[PDB]
Amino acid sequence: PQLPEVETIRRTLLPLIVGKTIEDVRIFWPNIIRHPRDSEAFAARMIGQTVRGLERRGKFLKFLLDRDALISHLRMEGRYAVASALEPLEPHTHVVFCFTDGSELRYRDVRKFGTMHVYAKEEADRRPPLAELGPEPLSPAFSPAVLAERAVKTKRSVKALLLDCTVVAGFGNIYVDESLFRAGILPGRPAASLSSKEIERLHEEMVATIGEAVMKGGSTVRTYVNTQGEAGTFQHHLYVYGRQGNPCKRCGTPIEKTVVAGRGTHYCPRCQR
DNA sequence: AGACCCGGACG
DNA sequence: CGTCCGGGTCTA
Ligand SMILES: [Zn+2]
């Protein structure tokens, strides 16, 4: 899940939990719990708190409780659902928050990569994992100037640059490849090689792509669904991601796939330079 | 780049 | 049944 997927989950999850009070927290894979590292303290502190809000920062969900914020990262496969305490759990359910009304917030994660950190609200933004995060791409804090400043300082690939959460928040493998295609820039280009015009174009396409994907409920390419289990539709608007061997939608040249920055990387060798 | 982790898709 | 694949990304 990237920004659009996490944002769609945020919007669809909030009404199902807002105003509910935690009665128990049950943990079946303690490694997911990162702070307090003692899962017993993590569970104990949340009991009796009420969910007041749910925000997103980058790819993180921020559950606003009473004293605390719970910072949750889904990583590759994490997901939330709300269901009755009376029903058996689904496979791969690793954390459950039980509410006083008999419903439960269930966290499922087949690969177990997800993380949870709880801090006092006023502390969460200055501690890991939120502390190092770059600007929200849909905010004024993300500008061509901000992008140029990081690009000029490094010979790392432009793909690696956009995947760096400290540069800009919320971009992952799908939206980096898509933004680079739309901007006409090869993903293996050294970041420092980008012209002023290319930086401007890249910023414009990054903002447009993310916004469009939010509007379309995210990209369901393998396993992502919203809180109601509904697939996104942005996958129908992809130019390159997962389209290797298929014709480019713009020029008909077969899309190629390589490895860049240790990641599967999709591009059109004609449209991108 | 490796680790954390698992199951699907493909030969 | 084995091999490679994956919307993330921390540390090594
Ligand atoms: Zn093309």
Side-chain angles (χ1 to χ4, degrees), chain A residues 1-10 12-13 27-35 37 39 56-61 71-80 90-95 107-117 127-131 133-134 137 156-157 159-181 187 206 209-227 229-245 255-266:
Chain A
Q2 295 149 99
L3 186 158
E5 295 66 40
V6 179
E7 180 61 26
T8 303
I9 286 166
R10 187 202 71 77
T12 57
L13 176 59
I27 297 153
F28 310 110
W29 195 251
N31 284 351
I32 287 158
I33 306 315
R34 305 306 186 85
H35 188 274
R37 183 56 169 174
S39 57
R56 174 197 59 71
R57 180 77 172 89
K59 304 171 192 169
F60 296 95
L61 291 166
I71 310 310
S72 168
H73 199 307
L74 314 175
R75 295 292 180 104
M76 288 300 299
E77 296 295 339
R79 60 203 56 213
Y80 285 101
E90 302 298 326
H92 309 290
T93 303
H94 303 306
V95 184
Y107 179 69
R108 290 177 69 193
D109 186 343
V110 173
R111 300 182 73 186
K112 294 171 178 188
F113 290 174
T115 62
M116 295 179 180
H117 293 75
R127 295 289 289 280
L130 294 180
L133 263 181
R156 81 205 292 206
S157 71
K159 175 154 185 173
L161 183 79
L162 306 183
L163 289 173
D164 182 340
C165 58
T166 73
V167 173
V168 54
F171 279 78
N173 213 33
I174 305 183
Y175 301 114
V176 168
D177 285 6
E178 289 296 312
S179 297
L180 288 163
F181 169 85
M206 283 176 73
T209 300
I210 283 295
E212 286 165 22
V214 168
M215 288 298 297
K216 291 299 188 197
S219 298
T220 292
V221 294
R222 279 169 300 278
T223 61
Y224 156 79
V225 292
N226 71 16
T227 308
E230 298 160 346
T233 57
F234 195 76
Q235 65 275 11
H236 299 120
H237 297 93
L238 300 173
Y239 289 103
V240 297
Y241 182 89
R243 303 193 67 252
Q244 61 274 21
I255 300 307
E256 294 186 1
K257 184 181 180 183
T258 57
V259 176
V260 177
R263 303 299 294 279
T265 298
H266 312 79

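Just the heavy atoms: all of them, side chains too, but no hydrogens, waters or symmetry mates, feed the values below. First the proteins, then the strands, lettered A, B, ... as listed; each starts at 1.
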Exercise. Starting at the 5' end of DNA chain C, which residue's closest nucleotide do you reach first, A:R111 or A:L163?
Worked result: A:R111

Problem set entry | Of the listed nucleotides B:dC5, C:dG7, B:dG7, the one nearest the side chain of A:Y241 | C:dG7

For this session: Output yes when a side-chain donor or acceptor of A:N173 lies under 3.5 Å from a complementary backbone atom of A:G264, and no otherwise.
Result: yes

Exercise. Base, sugar-phosphate, or nothing for A:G262, non-hydrogen atoms under 4.0 angstrom?
Worked result: nothing

Exercise. Using the rule for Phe, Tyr, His and the six-membered ring of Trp, do A:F113 and C:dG8 stack at under 5.5 Å and under 30°?
Worked result: yes

For this session: Establish, yes or no, whether a centroid distance under 6.0 Å links the rings of A:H73 and A:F60.
Result: yes

For this session: Evaluate the base stacking between B:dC4 and its strand neighbour B:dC5 against centres under 5.5 Å and planes under 30°, returning yes or no.
Result: no

Exercise. Rounded to the Å, how far apart are A:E7 CD and C:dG7 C1'?
Worked result: 15 Å

Problem set entry | Which residue lies more 5' along DNA chain B, comparing A:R75 with A:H92 via nearest heavy atoms | A:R75

For this session: Would you mind classifying the nucleic acid contact of A:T115 as base, sugar-phosphate or nothing, using non-hydrogen atoms under 4.0 angstrom?
Result: nothing

For this session: Using a heavy-atom cut-off of under 4.0 Å over every strand shown, decide if A:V110 touches base, sugar-phosphate, or nothing.
Result: sugar-phosphate

Problem set entry | Nucleotide nearest A:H73 (side chain, heavy atoms from C-beta), chosen from B:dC5, C:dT9, C:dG6 | C:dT9

Problem set entry | Test item: A:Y241 and A:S219 side chains (from C-beta on) under 4.5 Å apart, heavy atoms | no

Exercise. So what does A:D109 touch, heavy atoms closer than 4.0 Å: a base, only the sugar-phosphate, or nothing?
Worked result: nothing

Exercise. Paired with C:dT11: which nucleotide, if any, by Watson-Crick or G-U wobble criteria at under 3.5 Å for both distances?
Worked result: B:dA1

For this session: Please classify the sugar of C:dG6 as north or south using the torsion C1'-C2'-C3'-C4'.
Result: north

For this session: For A:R263 and A:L163, work out which heavy atoms get closest and say how close.
Result: CG-CD1, 4.0 Å

For this session: Going by the side-chain contact (heavy atoms from CB on, under 4.5 Å) test, name the single residue among A:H92, A:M76, A:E77, A:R79 that passes it with A:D109.
Result: A:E77

For this session: Using atom CZ of A:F60 as one end and atom P of C:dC10 as the other, report the distance to the nearest whole Å.
Result: 7 Å

